[PDB]
Structure formats: C-alpha cells, structure tokens
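The block underneath contains the structure these notes are about, expressed in structure tokens.
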Amino acid sequence: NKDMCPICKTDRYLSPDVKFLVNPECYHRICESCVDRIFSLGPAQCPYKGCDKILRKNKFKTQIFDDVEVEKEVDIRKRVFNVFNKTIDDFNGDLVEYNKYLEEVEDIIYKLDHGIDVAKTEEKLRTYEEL
Amino acid sequence: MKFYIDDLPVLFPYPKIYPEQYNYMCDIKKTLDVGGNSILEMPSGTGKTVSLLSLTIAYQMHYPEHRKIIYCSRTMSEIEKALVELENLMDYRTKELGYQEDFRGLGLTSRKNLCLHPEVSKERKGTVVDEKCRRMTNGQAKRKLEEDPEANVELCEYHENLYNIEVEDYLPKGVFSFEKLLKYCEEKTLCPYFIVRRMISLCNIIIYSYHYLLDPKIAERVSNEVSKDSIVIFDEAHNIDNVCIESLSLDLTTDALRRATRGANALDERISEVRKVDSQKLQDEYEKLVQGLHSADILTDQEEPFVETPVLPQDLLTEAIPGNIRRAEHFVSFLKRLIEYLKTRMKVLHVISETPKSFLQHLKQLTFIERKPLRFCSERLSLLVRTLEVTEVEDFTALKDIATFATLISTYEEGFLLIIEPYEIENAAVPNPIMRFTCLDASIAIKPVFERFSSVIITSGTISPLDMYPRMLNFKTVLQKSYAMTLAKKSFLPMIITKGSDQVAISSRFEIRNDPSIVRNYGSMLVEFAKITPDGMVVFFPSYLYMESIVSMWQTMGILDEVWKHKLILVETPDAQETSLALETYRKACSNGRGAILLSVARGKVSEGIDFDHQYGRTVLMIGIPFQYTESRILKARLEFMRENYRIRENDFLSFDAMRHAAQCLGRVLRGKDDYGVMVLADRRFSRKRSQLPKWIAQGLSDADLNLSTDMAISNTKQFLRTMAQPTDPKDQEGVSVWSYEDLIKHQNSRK
Amino acid sequence: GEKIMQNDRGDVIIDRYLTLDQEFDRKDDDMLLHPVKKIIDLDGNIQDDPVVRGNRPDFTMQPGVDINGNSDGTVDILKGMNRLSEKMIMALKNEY
Amino acid sequence: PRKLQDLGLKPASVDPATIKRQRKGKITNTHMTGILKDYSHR
Amino acid sequence: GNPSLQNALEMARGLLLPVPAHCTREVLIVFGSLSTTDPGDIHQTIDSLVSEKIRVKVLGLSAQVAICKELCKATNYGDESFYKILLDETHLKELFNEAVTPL
Ligand code: SF4
Ligand SMILES: [Zn+2]
Ligand SMILES: [Zn+2]
Ligand SMILES: [Zn+2]
C-alpha cells in the first residue's frame with residue numbers, strides 16, 4: 001500500500017512517524033522505524049516476502065517520485081550519467097555523433113532498467129568507467 | 001454614394017456619411033499610403049466597420065498592388081457582423097458598377113461552428129468535434145477503406161465531395177457569411193470548414209478571430225497561407241493582450257497529472273503491443289528522425305499533428321531530434337519521469353514564483369532532463385501518436401497538455417513565469433494544487449505579426465488611452481487618434497453615481513460586497529432605473545461571483561419582486577447555450593415591449609461581441625468599476641513585469657484595464673446617431689477616472705454629473721428620455737452630424 | 001427563487017414533487033433549447049478556438065462553491081429565473 | 001480533547017467544562033388603579 | 001393594474017371590423033406606461049392590424065417605447081411621425097388638438 005508500511009503494519013493515520021524510505025537495490029515501501037529496527041545491528045535480507053536480497057542500512061533514502069519504476073529509472077540514469085558525461089563540446093560539434101551517443105546512453109539505461117542484458121551492460125559500464 | 005479621397009474612388013453603401021466616417025477613411029488611407037501601424041478610436045454608434053470595409057475594398061480594387069485584407073476581430077459574432085456588412089457593401093458595389101467583379105471574402109471559424117455532419121453535430125466540445133473530424137478525415141481512414149472495402153471505418157461525405165471539384169469551384173464569387181455558407185454547403189453537401197481552409201489563399205479578404213493570428217496552436221497554418229504583404233485590420237483591439245497572454249499561457253492540475261500518468265501508461269502499453277505485432281512502423285520513424293525529417297516532412301498536408309505547435313514558428317528549433325526521445329520507449333520514459341517531476345513539484349505547501357530557467361535547472365539536477373529534448377516534446381508525441389495510429393486519444397489529451405507545457409517552458413525563459421499554488425481556490429477545504437505557466441509579456445505573441453505585416457490598423461470603439469498600447473505592446477505607431485463624434489443633440493448621457501438616494505456611499509470592492517447599505521442602494525437604483533427605462537436595460541457587474549452574491553441577496557431582500565413587476569430578469573449563465581437563449585429572450589422582450597433587464601458580467605461573454613442597439617440598450621448600468629482580483633498571483637506577476645519593463649504602474653495599469661472594460665461595456669449601447677441610451681456608472685471611484693474614459697464618452701460626460709446621487713440621476717435620466725423621445729430636427733442635423741454627397745463635396749473644397 | 005436550505009421543514013406531501021419539478025425543468029429545457037443566429041451565438045464565440053488552454057480564471061469568474069467545493073445553489077436561482085422568463089416569452093409564441 | 005492535537009491526531013471533541021468555563025412606590029393616581037397597564041417593554 | 005397593448009389592439013380590431021371600407025379605421029392610444037404585459041404575440045396583432053388597414057397613433061407619456069414606435073410605423077406605412085411623446089402640459093394639449101384633424 002502507498003499509505004502504510006507493510007513490514008511494521010502501521011497506518012499513516014495513527015502513526016505519522018512513518019516515512020517513505022526505499023533502497024536502490026530493491027525499492028520497498030518501508031519505514032524509518034523498521035529500518036532502524038532491522039538494519040542498525042547489521043546488513044540483512046529484504047523483509048518483504050518473496051524477496052531475499054542483501055542490503056545495507058546506509059544505502060536507504062527517501063523516494064522522490066511516486067512511481068517505483070520512475071524512481072528506479074532515474075536512479076539508474078544517475079548511475080549511468082555519473083561516468084557517462086560526454087557533451088557536444090566533447091564531441092567537437094558533431095551533432096549526429098552526439099545524437100548517436102545519446103542513443104547509446106538511453107539504450108544502456110533501458111537495458112539496465114529492464115534487466116534484459118544486465119551482465120553484458122554491467123561489464124561494458126565497468127570497462128568504460130575504468131578509463 | 002461614390003466619392004473620391006485623393007485619387008481613390010470610394011463606394012459607400014449608404015446615401016449619407018458621417019464626418020467621423022470620412023475623417024476615419026482619410027486617416028486609414030494616409031496610413032496605407034505611408035505604410036505603418038495606426039491606432040484609431042472611432043466613437044461607437046458610427047459606422048466604424050462599414051467605413052473600414054468600404055475604404056479597404058476600394059483601396060484593394062483600385063490600387064494596382066491589390067493587397068489582400070486580413071480582418072481580425074475578437075468574437076465570432078463580430079466576424080459574422082463584419083461578413084454581413086461586407087455582403088451589403090459588395091451588393092451595393094455590384095449595383096453601382098453594373099457587374100459583380102472578381103471578389104472573394106470569407107470568414108473563418110472552427111469545426112464546431114462549421115460542421116454539417118449529422119453524427120458529429122451534438123458534441124458539446126470543440127476538441128472532440130475536431131478529433132472526430134480528423135478520425136474521419138486524416139486520409140488514413142480513406143486509405144484503409146480503399147485497401148479493405150469492408151472496413152468498419154467511415155468517411156465524411158461533405159469532406160469527400162470536395163475532392164470531385166476544384167478549389168476555385170468550391171463557392172461562387174462573392175461574400176459568404178457563416179449562415180449563408182452553411183446553407184450553401186448543406187444544399188450542395190460540402191464541408192464549409194475545409195472549403196474555407198482550402199481557399200484562404202484565394203480570398204481578397206479573410207475575416208477571423210484574434211486566436212487564428214496570435215495563438216500559434218492554430219495560427220501556424222493560417223499565417224503561412226495568407227499573404228505576408230497584406231493590409232491587416234485589428235478590429236476591437238482593446239482586449240488584444242488577453243488573447244496574446246492566453247495564447248502562451250497554460251494551467252496544470254493534479255487531475256491533469258493523474259490522467260497524464262494514465263495516458264503515459266496506456267501509451268507504453270501501445271508501443272508494447274505494436275512492437276509485439278510489427279516493428280517496421282516504428283523503425284521507419286527512427287530512420288526518418290535519424291535522417292532529420294521533422295513533423296512537417298513526415299506529416300502529410302491533409303492530416304494534422306496530434307499536439308498543436310504551442311510556440312512561435314521562429315522560436316521552434318530547426319535541428320534534428322537530440323536522440324534522448326527518438327525511440328518510442330525512450331520518449332515514453334522521458335515523458336513519464338517529466339510527469340513524475342511535475343507531481344513532485346506540485347506537492348509544495350506554499351506559493352512558488354519561479355523562472356523557467358530555474359525550473360529547467362531544478363529539473364535537470366533532479367531528473368536529468370535537458371532543455372533541448374523538451375523543446376521537441378510536442379513534435380515527438382505527435383509523431384509517435386501518428387505512427388501508433390491510435391483510435392482513442394481521450395487518455396492522450398493530458399499527454400497533449402504535458403507536451404504543450406514542456407515545449408512552452410523549454411523554449412521560453414524571458415517574459416514568462418511559473419506559479420505553483422497550493423490552493424487553487426481558498427474556499428475549498430481539501431487543498432488543490434495548481435501549476436500555471438503564465439506569459440507576462442503580451443508583446444511576445446504579437447511581435448511576429450508586426451514583423452510580418454507592413455500595415456496594421458489597430459482599431460477599437462473604446463481604445464483608451466491610446467499611448468498605452470505602443471508601450472504595452474512593442475510596436476511603433478505612425479498615427480494614433482481618437483475621434484470626437486459630432487452630434488446635433490447629445491445622443492448619450494454618461495452619469496457617474498457616487499452615492500445612493502440617502503447619500504450613503506456606494507462601491508463594489510470585493511470585501512464589502514455583503515454590506516447591506518450598498519446592496520440596498522444598488523437594488524433601489526436598479527428598481528428606479530427599471531421603472532423609468534422603457535424597453536431594455538443591461539447591468540454589468542465586476543465579477544460573476546459578485547453578481548451571484550448580490551442577486552441572491554436581492555432575491556432574499558425582495559428587490560427582484562418589484563423588478564419583476566416591470567421587466568423580465570435574465571442573468572448571464574456560465575453555460576453558453578443558456579446565455580445565448582437568455583440573450584435571445586432578452587432581445588425578444590425588448591422587441592415586443594414587455595421590458596427586460598439583462599444582468600451580465602463586465603468581463604464575461606456578453607460584454608464582448610454582443611451589441612445592445614436601440615431597444616436592446618437604452619441603459620448600461622455599471623455596478624462599480626470592473627476591477628480584476630488584485631491579489632491573484634498571475635495578475636501581480638504581470639503588473640510587476642509591466643513595472644520593470646514598460647514603467648507602467650500598479651494602480652495605473654489596474655485602472656486602465658478596469659476602465660477599458662467599463663468603456664467596452666458602455667460602447668455597446670450605440671449603433672447610429674439616431675440611437676440613444678444612458679450610461680450610468682455606480683461607484684465612488686469613477687469620479688476620478690473621467691480622463692481615463694474614451695474621448696467621446698468624456699465629451700458626453702459633463703462636469704456636473706461626476707458626483708451624482710441616485711434620485712437626481714433618475715431625474716436626469718427621465719429628462720433625457722423625454723427629450724430624445726421627441727423627433728429631432730432635420731434642419732438641425734442636415735449638415736453638421738451627417739453629410740450628404742454635396743455636403744461632403746463642400747467639406748472637401750473647404751479643406752483644399 | 002429563494003435559496004433552498006435544509007433546516008426548513010417544507011411539507012412532506014408537496015416535497016416529493018421536487019424531483020418531478022426538476023424533471024419538468026429538464027423537459028422545459030428540451031424544447032427551449034434551439035440553435036440561435038450567429039449574431040448571438042456565444043457558444044460558437046467560445047468554441048471558435050477549441051484548443052485554447054490559457055490560464056484558468058480566478059474564483060470570482062466561476063460560480064460560488066461551498067467548503068467542500070460543491071455548488072452553493074446561487075447559479076440554480078439564476079437558471080430558474082432565466083427559465084421563467086423564457087417560459088413567459090415562449091407562452092406568447094402560440095396560435096393566439 | 002486538548003492532548004490529541006499534542007499527539008498529532010485531530011480531536012473530534014471540544015474541551016469539556018472542567019478546563020476553562022465561567023420597588024413599588026405610592027400611587028397618586030388612585031382613580032385608575034387597574035385602568036393603567038404595566039409596560040416593561042417597548 | 002398592468003397595461004395590455006395586445007388586448008387593447010385586439011378589441012380595437014374587433015370594433016373596427018364592422019366599419020365600412022370608405023370609413024377610415026384609426027386607433028389613438030394614450031399610453032402611460034413604459035412596458036406592456038401581453039397574453040400572446042403582439043407582432044401577430046400588428047400584422048393583423050396592417051392587413052385590416054387600421055392606422056394607430058400613440059401619444060406616449062413618459063418615453064419612447066419601441067413596440068409602440070414599430071406599431072405606429074407598420075400601421076402608418078413607414079411613417080415614424082405618428083408616435084408622439086409629450087414634453088409639457090401645453091405640448092400634450094397640442095398633441096390632443098393635432099389628433100382631431102383627418103389623417
Ligand atoms: S469534414 Fe467538415 S462536415 Fe465532415 S466532420 Fe469534419 S468539419 Fe464536420
Ligand atoms: Zn515499518
Ligand atoms: Zn527486496
Ligand atoms: Zn480558575
């Protein structure tokens with residue numbers, strides 16, 4: 001639910017202390033009280049049923065956008081554009097080559113978002129950020 | 001008659017002319033000779049429209065350049081009136097010359113007003129009438145029916161019959177108003193809208209609204225096809241700035257963002273289905289966008305893009321798509337994250353007043369959306385919807401809203417402002433946020449018009465002050481003048497009532513609208529004026545909420561009970577159908593002598609376009625000064641932009657706008673110098689605004705009527721009505737107020 | 001034409017005809033509603049530009065609303081008196 | 001009713017009553033004793 | 001009460017119906033009010049008066065009423081000089097003295 005934390009089962013109505021904390025590795029509607037109860041002692045697995053990803057306390061943050069897919073898309077876009085920042089000055093005014101670079105950036109962002117070729121795209125991202 | 005100005009023979013369709021009409025024609029002709037912009041204030045009542053039409057048609061037919069005429073009015077009823085006067089003028093010209101010369105004069109309006117299809121006729125929305133007309137007439141339906149004759153999609157027979165005959169054979173030579181054009185197209189089974197569109201370029205004169213030349217969502221098709229060295233007339237241009245601002249303004253709501261999210265999801269599903277079925281229909285789009293073809297190249301001429309171009313064509317970019325939004329799924333993700341950013345921006349508990357540059361910087365740092373992909377958003381959405389070939393776009397209307405907002409806020413950064421308000425209305429309990437992208441410079445939308453056209457005649461009955469407009473809109477005027485109408489007897493009585501019968505002060509400022517003394521004084525004033533006014537009486541209020549409150553408490557206190565004893569009460573409904581029936585009922589009551597009062601808003605639909613001549617007028621009763629709500633954020637932003645751009649003060653501009661609305665309300669009572677009617681202004685603060693009135697109204701306004709009370713205003717009204725219920729003297733009005741041909745010849749000889 | 005409020009008792013026998021009177025008002029609007037000339041066609045005047053999307057005017061330009069945003073009924077008495085005048089004028093248009 | 005807003009909830013009750021709440025003289029006109037009438041109001 | 005120009009003109013038409021063709025048919029209306037309450041359409045009554053060749057002259061008291069002006073014009077064949085509005089008592093007497101001459 002978009003109003004209540006399913007892990008600690010608390011409505012926003014009676015408990016206004018819940019917050020919109022999510023994690024970049026797995027986006028879960030989880031509250032600050034649940035985060036401090038579980039992950040303060042150490043890293044653990046995702047408390048929502050059907051997910052068992054390991055995740056850390058210091059990686060939690062509040063979600064900006066309402067849509068989970070939009071939030072993860074912009075986070076992946078940040079994780080790509082942190083190392084991919086070529087501009088028209090870097091391409092020396094070649095507009096068609098800059099457009100093709102933007103095509104490649106949106107392709108790899110879409111691939112990381114949908115997980116279709118995640119291993120090869122991660123390998124390409126690592127060997128391109130090593131330079 | 002037929003007379004001469006310099007070397008130009010002018011055929012006036014009346015045997016007699018007014019001196020104001022002749023001096024008007026002289027000024028328009030010398031403006032056409034010099035080749036500049038003019039500002040002209042003819043007095044209302046006099047034949048301003050017929051003088052324009054007569055002189056401009058004479059100039060076009062006599063001079064060898066044969067310049068076309070673009071007649072731009074503010075209201076589709078006024079396009080109808082100009083068309084009717086044009087038929088009268090050209091019938092007189094045909095009768096005088098013995099033959100009907102090669103002439104084309106047409107009016108242009110929307111599909112809702114020029115649709116004769118029996119199925120799409122009762123739809124109350126021009127948007128859905130437009131969308132069904134494209135759904136039947138993009139040519140995609142025609143090609144689908146050609147490929148499969150058993151296809152369920154249908155075609156419009158009125159549009160289909162236009163393919164059989166040529167463009168020059170759509171209509172016979174002459175002038176077609178909307179009613180005559182509708183009758184001809186109904187009896188010939190043709191589409192009047194597409195007929196007018198296809199022979200825009202063949203018109204000697206084309207008459208349309210200000211939207212079809214200022215609003216680039218519809219003017220980009222019209223400006224290309226009209227001549228760019230043509231004479232342009234701006235009739236009733238006192239409220240041209242509202243049209244200019246509304247052309248580039250936009251409001252967004254959280255409901256609009258919810259439908260935008262749903263439309264984006266439906267779009268993403270649509271690309272999913274099309275990519276599953278056949279991907280060539282997107283691959284050829286990708287190839288064309290890589291090659292660099294735009295919406296003009298990809299779209300054919302007979303179909304239209306899905307999102308209308310919201311910005312100026314010279315402000316549109318000519319380079320190719322940047323490639324962030326070139327793919328379908330990439331553009332859907334871009335649109336979805338833009339809409340989510342808008343949803344985050346509207347969750348602010350206080351008022352945000354920010355520049356588009358600041359908005360773009362915040363959007364870039366929080367979402368990684370740049371300005372250049374936003375500048376192509378409407379074009380990309382139109383191309384994507386075109387090659388998705390969707391039947392339903394009711395989910396995509398909010399996507400049109402988002403693309404329009406994105407393109408506007410991306411390509412415009414100076415003279416514009418984004419206002420985010422946590423409360424759309426303060427009366428509501430639950431907060432309703434709103435996002436308004438407002439145009440603060442009214443000169444932006446009208447600058448390409450003055451850059452394109454050499455000769456523009458800004459014209460209104462009640463344009464005052466005249467020097468406000470060359471500052472407020474950045475254009476140079478070769479001559480600006482206001483005429484004083486010459487009358488044998490004072491045809492109109494302007495009176496300013498600053499207090500009631502019992503000398504209690506009266507005012508219409510919004511916070512004391514519930515004052516029982518002021519409401520009782522206004523009710524007693526309206527009762528006495530209804531008792532002493534013979535046929536009709538129109539009462540204009542500063543705002544619709546003010547009118548609702550004061551009329552409701554008038555009915556509570558029983559004032560309407562003895563208003564009903566004399567006149568039938570008709571109120572301007574916000575619904576335009578009911579307002580039109582109320583106006584027709586008002587005119588019928590004034591005609592048959594039952595007696596009628598029309599309570600309307602001074603800034604509403606009735607105040608523009610609609611005239612009240614002879615029995616329909618006889619009294620314009622102004623409840624207060626029609627001041628705009630000064631605490632509104634958009635008006636404060638516009639006033640500040642005026643202050644630090646054109647040195648126009650807060651109170652000066654507020655008084656100018658309110659007094660020009662009052663003037664356009666007062667000017668509707670007169671048509672002809674035989675017409676008469678009183679103009680009463682019931683407020684304390686009109687008494688200082690005698691100089692801000694138009695010149696002819698100020699000449700009619702005496703110094704003894706600046707601080708009138710209700711009872712002596714009633715006595716003056718009775719004396720005025722008794723005085724001009726008498727027959728005027730033809731010897732007194734023989735050659736001072738209206739001229740014959742010999743009088744005009746004598747005046748010309750005296751001038752030379 | 002007085003504004004109706006809920007604290008008044010009304011009458012139990014007569015107040016069941018309120019829905020029937022609203023039905024008669026809709027029926028009256030049915031044969032009152034006819035296309036008008038283009039001289040006074042304000043609906044055509046506002047539909048001349050169908051795609052205009054400027055600033056929504058401030059709350060003084062719309063009918064008044066309650067605290068919940070619903071209509072306060074002030075426009076209803078305006079509709080009622082307009083319909084009354086239209087009925088009076090239409091009663092003159094007969095064979096008499 | 002005054003602690004629900006301290007805890008953040010909306011109190012549906014108003015604060016109760018505990019917190020802060022609050023001749024004949026002689027008659028000379030003896031010939032119309034009973035004809036004149038008393039008027040304690042206008 | 002409330003004036004009724006249509007009822008007055010209908011009974012005037014009934015009274016002037018048995019009038020012979022050689023005898024002219026004239027109705028002089030001294031109208032005091034500024035509005036009239038009619039049971040039906042008054043333009044139909046005006047058209048019937050024009051068809052029955054009845055000339056109407058109206059001496060109004062307060063101001064110029066358009067229905068009276070149009071009635072006088074239609075019944076006097078485009079002549080707008082048959083709608084008279086008084087100024088003073090002397091002018092009202094002059095109007096009543098002018099009303100006795102044959103049209
Ligand atoms: S082609 Fe003309 S008649 Fe047919 S639907 Fe479109 S506007 Fe209406
Ligand atoms: Zn929790
Ligand atoms: Zn998880
Ligand atoms: Zn105490």
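Every chain in the structure tokens takes a letter, A first, then B, and so on in the order presented; its residues are numbered from 1, and the ligands are numbered from 1 following the presented order.
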
Based on only C-alpha atoms, which of the residues in chain B come within 8 Å of chain A? I want them as a PyMOL selection string. chain B and resi 321-324+326+330+333+336-337+340-341+343-344+367-368

Using only C-alpha atoms and all ligand atoms, which protein or nucleic acid residues are at most 10 Å from ligand 4, as a list in words? residues 18, 19, 20, 21 and 22 of chain D

Keeping C-alpha atoms, export the residues of the selection given above as a PDB file, in the first residue's frame.
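Wrote part.pdb, looks like this:
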```pdb
ATOM      1  CA  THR D  18     -13.565  21.344  33.570  1.00  0.00           C
ATOM      2  CA  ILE D  19     -10.787  23.259  31.793  1.00  0.00           C
ATOM      3  CA  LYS D  20     -11.962  26.867  31.370  1.00  0.00           C
ATOM      4  CA  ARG D  21     -15.618  27.823  31.875  1.00  0.00           C
ATOM      5  CA  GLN D  22     -17.462  30.531  33.796  1.00  0.00           C
TER       6      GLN D  22
END
```

Kindly indicate which residue among E:69, E:42, E:102, E:5 lies nearest to chain C, using only C-alpha atoms for the distances. E:42

Residues near residue A:15, anyone? I mean within 10 Å using only C-alpha atoms, not counting same-chain ones fewer than 6 positions away, as an MDAnalysis selection string. (chainID A and resid 4) or (chainID D and resid 7:9)

As a quick test: using only C-alpha atoms and all ligand atoms, which residues lie no more than 9 Å away from ligand 2? Give them as a VMD selection string. chain A and resid 4 to 10 18 to 19 29 to 35 37

Output of the above residues as a short mmCIF file (atom, residue, chain, number, x, y, z; two decimals), in the first residue's frame, restricted to C-alpha atoms:
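And here is the file that came out, again20.cif:
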```cif
data_model
loop_
_atom_site.label_atom_id
_atom_site.label_comp_id
_atom_site.auth_asym_id
_atom_site.auth_seq_id
_atom_site.Cartn_x
_atom_site.Cartn_y
_atom_site.Cartn_z
CA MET A 4 1.15 2.26 5.19
CA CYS A 5 4.34 0.30 5.86
CA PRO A 6 3.63 -3.42 5.23
CA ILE A 7 6.65 -4.60 7.24
CA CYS A 8 5.67 -2.97 10.55
CA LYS A 9 1.93 -2.79 9.66
CA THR A 10 1.34 0.83 10.68
CA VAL A 18 6.48 6.51 9.18
CA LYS A 19 8.48 7.75 6.20
CA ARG A 29 7.73 0.86 0.95
CA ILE A 30 9.46 0.55 4.33
CA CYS A 31 9.51 2.95 7.27
CA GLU A 32 12.36 4.53 9.21
CA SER A 33 11.36 2.65 12.37
CA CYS A 34 11.57 -0.69 10.52
CA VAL A 35 14.93 0.32 9.03
CA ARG A 37 14.91 -1.95 13.98
#
```
